[PDB]
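Engineer: Here you go, one structure.
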Amino acid sequence: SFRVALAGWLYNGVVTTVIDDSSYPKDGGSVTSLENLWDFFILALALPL
Amino acid sequence: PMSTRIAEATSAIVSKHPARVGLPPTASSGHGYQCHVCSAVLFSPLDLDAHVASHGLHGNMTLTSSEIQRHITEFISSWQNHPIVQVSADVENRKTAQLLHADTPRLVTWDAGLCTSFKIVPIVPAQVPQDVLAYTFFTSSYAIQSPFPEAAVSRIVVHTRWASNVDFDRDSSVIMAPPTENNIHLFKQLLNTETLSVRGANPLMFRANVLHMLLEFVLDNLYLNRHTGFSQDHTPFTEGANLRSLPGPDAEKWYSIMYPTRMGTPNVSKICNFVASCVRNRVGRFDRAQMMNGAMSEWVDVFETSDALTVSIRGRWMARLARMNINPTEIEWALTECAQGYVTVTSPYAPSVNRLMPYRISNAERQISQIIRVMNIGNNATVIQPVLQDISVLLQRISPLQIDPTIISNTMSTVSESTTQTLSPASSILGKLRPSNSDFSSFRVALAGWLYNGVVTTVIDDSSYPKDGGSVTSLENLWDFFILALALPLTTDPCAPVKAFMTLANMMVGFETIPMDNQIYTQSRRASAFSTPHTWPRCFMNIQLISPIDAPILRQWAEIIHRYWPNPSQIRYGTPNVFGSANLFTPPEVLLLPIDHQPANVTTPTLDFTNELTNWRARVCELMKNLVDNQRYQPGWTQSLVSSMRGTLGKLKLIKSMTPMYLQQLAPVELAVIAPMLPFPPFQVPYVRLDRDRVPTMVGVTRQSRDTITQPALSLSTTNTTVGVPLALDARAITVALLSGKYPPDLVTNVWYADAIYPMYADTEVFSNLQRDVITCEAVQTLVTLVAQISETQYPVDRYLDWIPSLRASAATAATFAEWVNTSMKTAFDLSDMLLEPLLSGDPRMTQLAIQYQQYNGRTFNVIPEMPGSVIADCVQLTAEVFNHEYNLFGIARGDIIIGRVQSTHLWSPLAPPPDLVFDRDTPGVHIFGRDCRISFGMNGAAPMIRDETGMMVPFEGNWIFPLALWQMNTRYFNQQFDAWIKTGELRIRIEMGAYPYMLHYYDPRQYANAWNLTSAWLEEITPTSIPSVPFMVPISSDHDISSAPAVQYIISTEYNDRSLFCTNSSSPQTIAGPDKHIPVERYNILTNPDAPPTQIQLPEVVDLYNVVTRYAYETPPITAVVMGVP
Amino acid sequence: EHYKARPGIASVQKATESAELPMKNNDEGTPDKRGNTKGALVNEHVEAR
Ligand SMILES: [Zn+2]
């Protein structure tokens, strides 16, 4: 995924890379859940690329 | 096998539950265990099973495997949820073993041979039969032993401990071959994992390799000097001097190597000329300290062969150890102060024998190690539990206190209860006052957690609370509040007081209301959820929000908490004279306590009531009586039940326990006696009683700077890591321990402690735990001083090895180099566990040690220990400073070479070339080639061209200047174009290297010689990641006249670095043709200059190879052999 | 030889060979010589799915 994102940087106008649907917290999650906290961390660090 | 079988059975019993996941519930994917009798979906096996059981018409139940499984799951859930069972283990981990006992280094080792690291080796044999001079001239024909080898050429090379007879063997040695042999494997060792050729080394790593070489040199020469024994001289060679006798089988060969000025001078050879120039009265011993009759002299000063560098290194090592020294009287005073008078040790009173007991270290060297071992423990809770358990068992073994619930039983049995009732107050607390899994440990574990509140916080388990909201109308649920109220003050939890307020608030919901802060932390939230200073309700700090008309019981309980919670105090353990002080955020020699201490005044204790832990029980029982009093809270009760509850409370208030008396008078004394003999010193932060503004909210440790801010005080707040971890306990166990205490009837306090405390002050592990801290600080400082040589750190250091080529190092390179440093420093000193590894996780380019905690206000207290010195880093820097001038002795050349044909009959050595044929950038007519260079062929007979820096084109001839990397990057395209012109043309190139190893090929001066084969091999074997050692072609010296023959020479150095040459044509009268050099008189200063004092070294320029060294004879006994105890 | 390349000539050549191939020739939807559009009779969206 890392290097495919790097490669997709060059083809913005034909293909757009979006992070997978199943990488988000299930049901939106809650801040009362450690699992969803870590899910949000991973997602926030992954999105900018 | 039976192991697998019992393991499978244990799993089949204990693994009745799926897992423990933290997520909100869910009908579909919320682990909902669906029943079948009705479509409901439960969220637990036991819940589903109670479902199915309540299905089944309770009157008609019979035994079934289903019922068996139900009861087994219900039973195992409790054992799984017990806190001690949750946090516990039998086998030790690497980190806990490191913390509880670390491999003590071996720092006192002795040497018996002569201290030296430089040896003279013959490189070319002499010609003892010859035509001009009869063989009877030479002294070799008479089998005379000379201190220096007879030979045509004698060099001087490096071999650490070639003449040493050691006690323990440091496993780091720097061994070198003579110059006429390959030494590239000494410099291709650290980061050359990509170089193919066995005879090649990457030039961009000579600096790192040389730094590692100097470190191993210093680590090898760290020994003390033994006093062996002397012997009068029975021959007339000396004026009856006293001569050593070093141990060994072939020992008779050392009397001519140790003493150059003892041979005869019958000849006019070079050796005899030197020995006749020397002085006569500097041999053997000339000083000693004989403090006893019939015992070895304490130390001597002896003249003998030895180098000033190793003499200086061992002198500084001995100085450091002499600082560490202590004596038996001070040890006696220290142990007596630590034991606090309960143990008497004795020291002798007479003329000593000069022991050497290096056990004293500063406070910074101890705080640094405390910070490191607290960094190795953060957030784990399986690394810190075993320490508390060990202290717990030690407290139980040392304490004169017993526990027995029969006291509570007999106290309860006196109250009268009605036989015709449905509620039994005396019979309810007796039931719920038996701890689960019958463990009464939680008392001693909580009592041992007082020593560690900065890294461990003993909270009370969530299971001890009233199970999802209490109720004042429930008797079995009111005893739970009683137990929690008695048990909370003994915990380290800073938020202990807000619980036992919210517990009663939860229990009376619907009877009294108070204004909360949120819709989330309402009054019905579980009391165990309020564990932060942030969550304390406003009605707990502003009590007038609670009204006396609405919530009288809550108002009264809040006032009781604010006015009668126990007060902290201190005990003042330890003695910081011999032992350093390890505590960071408290003053040295002080121990904090969460309860008041008050020394007893009779060693035969009897019961009394006057103490805070009994006043607290009195207050709690009074308020329990109050909240039972009115019919506003418990309307359905009878006068009988109310009077029975009153009686049980009023008698439980007057129970005769020794536990509060104990915790006031004797427990802190035991803690103070146990603390100094503890392998992990106490690490505390202040105990704030009830204020919300001073509760500590973190404890962080830093190990590196952040961006550019070099000062630790500015990056400590933003480059730290939080440490700490809670540890659950058992309120029922703690409260039964508080309620039932007892002393033996024959208790005499002094006699009890005098032999309870003795066996723990007879072992000496505490003294050996200090040398480990010494080596830790030494390692940290050595790493900081070495990494600055290749990187850019924020520490001021001097840089001698800047002329050596080095690469642009990154974090990975720094980490690798630090790994090599760590490995060598463990191999020396012989310890196998972790050392310097906690610092290697980050990058070791901006290291720094510091720690801090922060209050609720935001006020932060930091501790930045001052980095003490380090003899090892000092000696490494000294060795580098000496390398700067004596680099040739380690087989290194300095400067750059000049490839170019020179055919002549002259005998000038290529390592000392005549200055007429060396050019530089400041020479008229020199072409400097840099980066943008292209070659263009010549067509139709025109000569090819190459591009100067300035854009010019020049034919293949003249005097040029290459950076080495240019050739090294175009090695094959340049060979084809240039090698035909260098060989028999007019081209001369000056490759720029800066530093490079070298070999030596000698040749008979009176025959044809030609170095093109060696030169072409070198040029051909240059490679973008390696170069082979630079080969030179040197002539052989000649004792007598010879004939001249042509020689063709191609490679020459730029500056004079033929410095390792010792002597040429030794044993002959003079040298007639070739490189001449007599014995170096400036080397042997003490002998050749009568005015120089005996102890006088000119170190940074010459090592002098002969001087005065002091040999010691000290005794290193264990402490138990000098400080005896009186049982 | 005296020198082994740092990344590796063989691996770099293999990767460049793989990345050097010309793009595929999407053809479905265009007529042949006789005039018949070549491709499989399937829905225009089912094809993209
Ligand atoms: Zn059901």
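Engineer: Taking the stated definitions as given, is B:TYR1003 closer than 24 Å to B:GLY895 by Cβ and buried (at least 19 other Cβ atoms within 10 Å of the Cβ)?
Structural biologist: No; evaluated as a whole, the condition is false for this residue.
Engineer: Looking at region A:17-38, can you tell me whether even one residue there is away from chain B (no Cβ under 14 Å), aliphatic (A, V, I, L, M) and closer than 30 Å to C:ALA19 by Cα?
Structural biologist: The answer is yes; a qualifying residue exists.
Engineer: Just name the residue that is farthest from the other protein chains (Cβ to nearest Cβ) out of those in region B:167-200 that are surrounded by 15 or more Cβ atoms within 10 Å (Cβ to Cβ) and not in a loop (DSSP other than H, G, I, E, B).
Structural biologist: This residue is B:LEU186.
Engineer: Please verify whether B:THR614 is of a type in the set (S, T, N, Q), outside any helix (DSSP H, G or I) and at negative phi, treating the condition exactly as stated.
Structural biologist: no
Engineer: How many residues, within region B:1007-1031, are of a type in the set (A, V, I, L, M), more than 14 Å from chain C (Cβ to nearest Cβ) and part of a strand (DSSP E or B)?
Structural biologist: Here the count works out to 2.
Engineer: Here's a follow-up. Scan region B:688-711 residue by residue and report those that are polar (S, T, N, Q) and either surrounded by 21 or more Cβ atoms within 10 Å (Cβ to Cβ) or within 24 Å of the chain's Cα centre (by Cα) (or both).
Structural biologist: B:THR702, B:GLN704, B:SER705, B:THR710, B:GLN711
Engineer: Being in a loop (DSSP other than H, G, I, E, B), more than 14 Å from chain C (Cβ to nearest Cβ) and surrounded by 20 or more Cβ atoms within 10 Å (Cβ to Cβ) narrows it down to one of B:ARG161, B:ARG155, so name that one.
Structural biologist: That would be B:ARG161, the only listed residue that is in a loop (DSSP other than H, G, I, E, B), more than 14 Å from chain C (Cβ to nearest Cβ) and surrounded by 20 or more Cβ atoms within 10 Å (Cβ to Cβ).
Engineer: Sticking with this one: Of all residues in region B:909-958, count the ones that are of a type in the set (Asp, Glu) and under 30 Å from B:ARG1059 (Cα atoms).
Structural biologist: Qualifying residue count for the region: 3.
Engineer: While we're on this one: For region B:382-411, enumerate the residues that are under 30 Å from B:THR96 (Cα atoms), surrounded by 15 or more Cβ atoms within 10 Å (Cβ to Cβ) and among the hydrophobic types (A, V, I, L, M, F, W, C).
Structural biologist: Those that are under 30 Å from B:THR96 (Cα atoms), surrounded by 15 or more Cβ atoms within 10 Å (Cβ to Cβ) and among the hydrophobic types (A, V, I, L, M, F, W, C): B:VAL383, B:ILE384, B:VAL387, B:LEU388, B:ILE391, B:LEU394, B:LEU395, B:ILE398, B:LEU401.
Engineer: Among B:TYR1002, B:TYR996, B:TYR973, which is within 14 Å of another protein chain (Cβ to nearest Cβ) and closer than 30 Å to B:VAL198 by Cβ?
Structural biologist: Going through B:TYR1002, B:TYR996, B:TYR973 in turn, the sole match is B:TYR973.
Engineer: Across region B:840-889, what is the number of residues that are among the aliphatic types (A, V, I, L, M), assigned to a helix (DSSP H, G or I) and more than 16 Å from the chain's Cα centre (by Cα)?
Structural biologist: Count: 6.
Table: residues versus (1) within 14 Å of chain B (Cβ to nearest Cβ); (2) of a type in the set (D, E, K, R); (3) touching a residue at least 12 places away in the same chain (Cβ under 8 Å).
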| position | (1), (2), (3) |
| --- | --- |
| C:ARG6 | yes, yes, no |
| C:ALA15 | no, no, no |
| C:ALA19 | no, no, no |
| C:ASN25 | no, no, no |
| C:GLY29 | no, no, no |
| C:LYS33 | no, yes, no |
| C:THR37 | no, no, no |
| C:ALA40 | no, no, yes |
| C:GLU44 | no, yes, no |
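Engineer: Please go through region B:908-966 and pick out each residue that is outside any loop (DSSP other than H, G, I, E, B) and closer than 30 Å to B:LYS1077 by Cβ.
Structural biologist: B:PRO915, B:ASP916, B:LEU917
Engineer: Would you check if B:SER791 is under 26 Å from B:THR1025 (Cα atoms) and either surrounded by fewer than 17 Cβ atoms within 10 Å (Cβ to Cβ) or touching a residue at least 40 places away in the same chain (Cβ under 8 Å) (or both)?
Structural biologist: yes
Engineer: Given (1) within 30 Å of A:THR32 (Cα to Cα); (2) of a type in the set (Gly, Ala, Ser); (3) in contact with a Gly (Cβ under 9 Å, 6 or more places away or on another chain), where does B:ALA50 come up short, assuming only one miss?
Structural biologist: Unmet for B:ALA50, out of (1) within 30 Å of A:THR32 (Cα to Cα); (2) of a type in the set (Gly, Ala, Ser); (3) in contact with a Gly (Cβ under 9 Å, 6 or more places away or on another chain): (3).
Engineer: Grab the helices (runs of 4 or more DSSP H) fully contained in region B:15-86, keeping just those with 1 or more residues being within 16 Å of the ligand (Cβ to nearest atom).
Structural biologist: Ranges flagged: B:45-55, B:65-81.
Engineer: Anything in region B:230-245 that is touching a strand residue (DSSP E or B) at 6+ places or on another chain (Cβ under 9 Å) and either surrounded by fewer than 14 Cβ atoms within 10 Å (Cβ to Cβ) or in a loop (DSSP other than H, G, I, E, B) (or both)? List them, or say none.
Structural biologist: B:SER231, B:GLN232, B:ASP233, B:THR238, B:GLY240, B:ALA241, B:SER245
Engineer: Next up: Within region A:1-10, which residues are in a helix (DSSP H, G or I) and away from every other protein chain (no Cβ under 12 Å)?
Structural biologist: The answer is A:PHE2, A:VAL4, A:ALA5, A:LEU6, A:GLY8, A:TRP9, A:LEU10.
Engineer: Residues that are more than 50 Å from the chain's Cα centre (by Cα) and buried (at least 21 other Cβ atoms within 10 Å of the Cβ), at least 1 per element: which helices (runs of 4 or more DSSP H) completely within region B:468-571 meet that?
Structural biologist: Per the criteria, B:475-487, B:502-507, B:552-564.
Engineer: Only helices (runs of 4 or more DSSP H) wholly contained in region B:321-417 count here; list those with 1 or more residues that are more than 27 Å from B:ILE734 (Cα to Cα).
Structural biologist: B:328-339, B:364-375
Engineer: Quick test for you: out of B:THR336, B:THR420, pick the one residue that is free of Cβ contacts under 8 Å to residues at least 24 places away in the same chain, surrounded by 16 or more Cβ atoms within 10 Å (Cβ to Cβ) and of a type in the set (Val, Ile, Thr).
Structural biologist: B:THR336 is the lone residue from the list that is free of Cβ contacts under 8 Å to residues at least 24 places away in the same chain, surrounded by 16 or more Cβ atoms within 10 Å (Cβ to Cβ) and of a type in the set (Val, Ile, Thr).
Engineer: What are the pairs with Cβ atoms under 8 angstrom where one residue, in region B:28-46, is closer than 20 Å to B:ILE76 by Cα and the other, located anywhere, is near the ligand (Cβ under 7 Å from one of its atoms) and in a loop (DSSP other than H, G, I, E, B)? Sequence gap at least six, or different chains.
Structural biologist: Pairs that qualify, where the first residue is closer than 20 Å to B:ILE76 by Cα and the partner is near the ligand (Cβ under 7 Å from one of its atoms) and in a loop (DSSP other than H, G, I, E, B), are B:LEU42/B:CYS35.
Engineer: Among the numbered conditions (1) farther than 30 Å from B:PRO1069 by Cα; (2) touching a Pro at 6+ places or on another chain (Cβ under 9 Å); (3) buried (at least 20 other Cβ atoms within 10 Å of the Cβ); (4) not small (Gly, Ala, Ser), tell me where B:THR1054 comes up short.
Structural biologist: Among (1) farther than 30 Å from B:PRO1069 by Cα; (2) touching a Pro at 6+ places or on another chain (Cβ under 9 Å); (3) buried (at least 20 other Cβ atoms within 10 Å of the Cβ); (4) not small (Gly, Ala, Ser), the lone unmet condition for B:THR1054 is (3).
Engineer: Oh, and also: Assess whether B:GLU92 counts as being more than 16 Å from the ligand (Cβ to nearest atom), acidic (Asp, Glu) and outside any loop (DSSP other than H, G, I, E, B).
Structural biologist: So B:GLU92 does not fit the description; no.
Cβ: placed from backbone, ideal geometry, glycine included. Neighbour counts: every protein chain shown. Throughout, read-outs are computed from the coordinates displayed, never taken from laboratory work.
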